[PDB]
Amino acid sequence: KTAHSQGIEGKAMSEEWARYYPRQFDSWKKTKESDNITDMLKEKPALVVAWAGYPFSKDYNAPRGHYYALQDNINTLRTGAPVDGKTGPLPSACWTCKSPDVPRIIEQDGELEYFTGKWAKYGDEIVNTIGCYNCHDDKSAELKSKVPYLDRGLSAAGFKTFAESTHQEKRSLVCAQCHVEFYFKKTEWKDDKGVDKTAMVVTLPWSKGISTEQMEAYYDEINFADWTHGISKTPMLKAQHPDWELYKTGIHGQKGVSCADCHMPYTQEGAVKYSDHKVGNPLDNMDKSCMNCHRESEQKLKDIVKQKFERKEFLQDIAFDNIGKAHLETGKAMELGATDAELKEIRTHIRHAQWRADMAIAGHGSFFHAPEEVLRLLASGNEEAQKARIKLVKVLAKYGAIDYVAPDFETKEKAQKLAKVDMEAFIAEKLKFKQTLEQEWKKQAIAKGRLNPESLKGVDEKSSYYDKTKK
């Protein structure tokens, strides 16, 4: 048994676990050190054209430490500027993978209620970032999935559930609670008091399997779209960080090496080993992360990883350039009077092209976790985009525009103008939200004892649109 066998009062606040587990708590907090904001729309402005009409065209940054997850959810322009609990663009589901308060609220309101309403609904309740309670039972400290959609997805794909899995499988599945592709399923229900309500429920599209092509077939069968493209009017699918799904295609996943083997390696003390809880870049500490299994030099292994990154970059830039041109050429054909019927096959190719290429790139470690699948997916996506473009030349010709040259989108600014994103406006609106309602959320949470101000130290120094200078 543990020293807390009856459970932990205030379990959602990770600081409550420190009295039992100071070493894990200390390493866990050090994800504070990974504070860099890499603006992916600035680095890869093609992505802005790809996501025209969708919030990712406003703000999309690379992942940083878990310490920043909740605050980054609040800061992103994607969550907009609510004025109260009933406003703002996005739903409650946007908290789900950000906070140990999520399982707390599900365990209290129920899953459907939690998934009902606006993101802003829970601003003064969901206030702790990725914590011990997201991954551990507060009585036994055993690894646990705390979200019901993971087992749902596992079963649908023919996998064992979390409870049915081996320990080594659990050492990846805990991460898969969050590090997976998902969509929101509109779900009608009726509450305790008989009121009809609509939830938007996190759902893993895994019932045909976890390959990119199986998920594409799933989404096509249910005629699903995440949005209608703001330029080409294609019914689009958004990939989100399919980290676990791609990791399963790759040699390490095939061999049985878990997420935790590289990202939470064991550290040394006799009978008292412990797991490094500073989840970050395994290349920072290769002796702990790789050199237990590898006999090459660290430098040769790092050079190999760099090569993989460069291969992915090469194919990523080609795919998204053709995807971007295809969207723009479709928009031009629409301007000239091309019909939906004339554009249907083209739009199908664009949807598929971008689904495949986004699934390849949306997991930021996939270029390493599953290099060969990433390259094959980028190649396949590019081919779909080029099939669209070949068909588009003939549509453009039909309407007298065979010599049309799609505009360039080589800077974020130029791309956002094509996507009709008024950043200035969104940022100004966001700042006013942060200055008012967000501060009310934090004050109320602290007053109620849901939030410890210690957790906020340096948490809000940077976003893609400000930098006070260090997190």
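Position 1 is the first residue in the sequence shown; the rest follow in order.
Of the two stretches examined, 398-406 and 43-51, the record assigns the greater average C-alpha temperature factor to 398-406.
Higher mean CA temperature factor between 418-426 and 61-69: 418-426, per the PDB entry.
Highest CA B-factor among the listed residues (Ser297, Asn128, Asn322, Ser92): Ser297. Within the listed group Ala260, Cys97, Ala199, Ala353, the record reports its top CA B-factor for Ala199.
Sort the chain's modelled residues by C-alpha temperature factor and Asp287 lands in the highest third, per the entry.
In the deposited entry, the Cα temperature factor of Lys144 sits in the top third of values across the chain's modelled residues. Sorting the modelled residues of the chain by their CA temperature factor places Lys193 in the highest third. Among the modelled residues of the chain, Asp226 sits in the lowest third by CA temperature factor in this PDB entry. Compared with the other modelled residues of the chain, the Cα B-factor recorded for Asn36 ranks in the highest third.
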